[PDB]
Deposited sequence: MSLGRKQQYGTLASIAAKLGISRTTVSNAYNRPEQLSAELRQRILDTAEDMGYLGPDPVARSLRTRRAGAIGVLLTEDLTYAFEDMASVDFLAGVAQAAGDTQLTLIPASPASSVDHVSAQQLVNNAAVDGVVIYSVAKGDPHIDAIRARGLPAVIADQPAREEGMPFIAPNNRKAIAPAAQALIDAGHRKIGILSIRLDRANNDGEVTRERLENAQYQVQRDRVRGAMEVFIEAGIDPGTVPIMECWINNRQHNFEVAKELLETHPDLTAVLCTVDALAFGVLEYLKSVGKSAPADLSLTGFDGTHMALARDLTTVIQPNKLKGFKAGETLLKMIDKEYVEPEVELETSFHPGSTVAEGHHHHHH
């Protein structure tokens, strides 16, 4: 729309903004000819169902995890006057198909945007069994009949791990969020990582590790901790444990900006800061990350959401959509280098 629209219309016609307003709210205040002129001039100026989003997190996540809120803004922009229904799906390993299928079959939507769900998640199968048009964002990749939108994580993370190596860091630690259904906080074992169903996490860990290996670092020396639940409180805890357990670490590479902030809130509690005491990297590029000028990987989350919702709507409208789209990311040198 853009600010001052009524004033512009009045200016172009040499009348008052109230004159223009009356054309809309008080037609009787002016002649049928001036009303038409105001309306046409407005024209020259350019002046039904519901879709869902399956979140394998607590409904709060959609409003407290800033990366997800930027994504959803994007889905909100594609869907115009379309009702948007957030569907809270439990990520617990106890969930079976009957539970997932009842949740899904009771979602009053014409389509669903699957947001960052583990590969092999029973909700995915439930959606397929219902034949609900669906688009996937971030993960899971390679689902038949379900368009996929995401950046190449193994590659998008390279610039961050590389930046750490270029500053001569070798005692590096890694932090991640949920890697699998079976709950796990703290140390991540090779087995949990290798069998991780939460691609993105697994792939961002892998891509970073691949850059460290090329640097000479032996994988077994790089500690990897995780927090099953992604909270401000858990991000803090998992950061304390890693730095408290491996005090010799000079840098910490995070799979998500949130984790980096848990590392900053932790360093802060012990009088330290970053860099100086510790070099850290993030991934996402949230508004807060950029304000702190955190070294991180910028990901266009709002665009990812817009393409997601658009792809969904075109699907429901029997339009053509690309089966796979790779979103580009860009490294943000930031100021947590040293």
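Take the full deposited sequence, match it to the modelled residues, and report the stretches without C-alphas. Several regions go unmodelled: 1-6, 54-67, 359-366.
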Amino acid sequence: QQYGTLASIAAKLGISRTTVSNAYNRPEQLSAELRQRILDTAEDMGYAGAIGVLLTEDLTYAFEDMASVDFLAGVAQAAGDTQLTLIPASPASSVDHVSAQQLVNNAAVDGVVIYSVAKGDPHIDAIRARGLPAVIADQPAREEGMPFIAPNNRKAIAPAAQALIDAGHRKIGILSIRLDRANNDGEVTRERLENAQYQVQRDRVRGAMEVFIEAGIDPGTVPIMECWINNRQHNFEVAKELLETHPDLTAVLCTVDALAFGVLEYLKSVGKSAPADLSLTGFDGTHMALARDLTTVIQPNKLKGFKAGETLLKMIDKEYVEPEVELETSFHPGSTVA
From here on, numbers count along this sequence of modelled residues.
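Identify the stretch, either 278-286 or 295-303, whose C-alpha atoms have the larger mean B-factor according to the entry. Stretch with the greater average CA B-factor: 278-286.
Entry-level comparison of average CA B-factors, 245-253 and 193-201, reporting the higher stretch: If you average the C-alpha B-factors of 245-253 and of 193-201, the larger mean comes out for 245-253.
Which has the highest CA B-factor per the PDB entry: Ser94, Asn184, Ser116, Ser176? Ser94 has the highest C-alpha B-factor of those listed.
Among the choices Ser68, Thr311, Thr56, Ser273, identify the one whose CA B-factor in the record is greatest. That would be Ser273, according to the entry.
Rank-wise, by C-alpha B-factor, drop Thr41 into the lowest, middle or highest third of its chain. Tercile = lowest for this residue's CA B-factor.
Per the entry's values, where does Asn230 land by CA temperature factor relative to the rest of its chain, in the lowest, middle or highest third? Answer is middle: the recorded C-alpha B-factor places it there.
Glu64 CA temperature factor, ranked by third within the chain: CA B-factor rank for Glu64: lowest third.
Which third of the chain does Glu143 land in by C-alpha B-factor: lowest, middle or highest? As the PDB entry reports it, the C-alpha B-factor of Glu143 lands in the middle third of its chain.
Consider only the C-alpha atoms of the modelled residues in this chain, order them by B-factor as the entry records it, and name the third containing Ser90: lowest, middle or highest. For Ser90, whose C-alpha B-factor we compare with every modelled residue in the chain, the answer is the lowest third.
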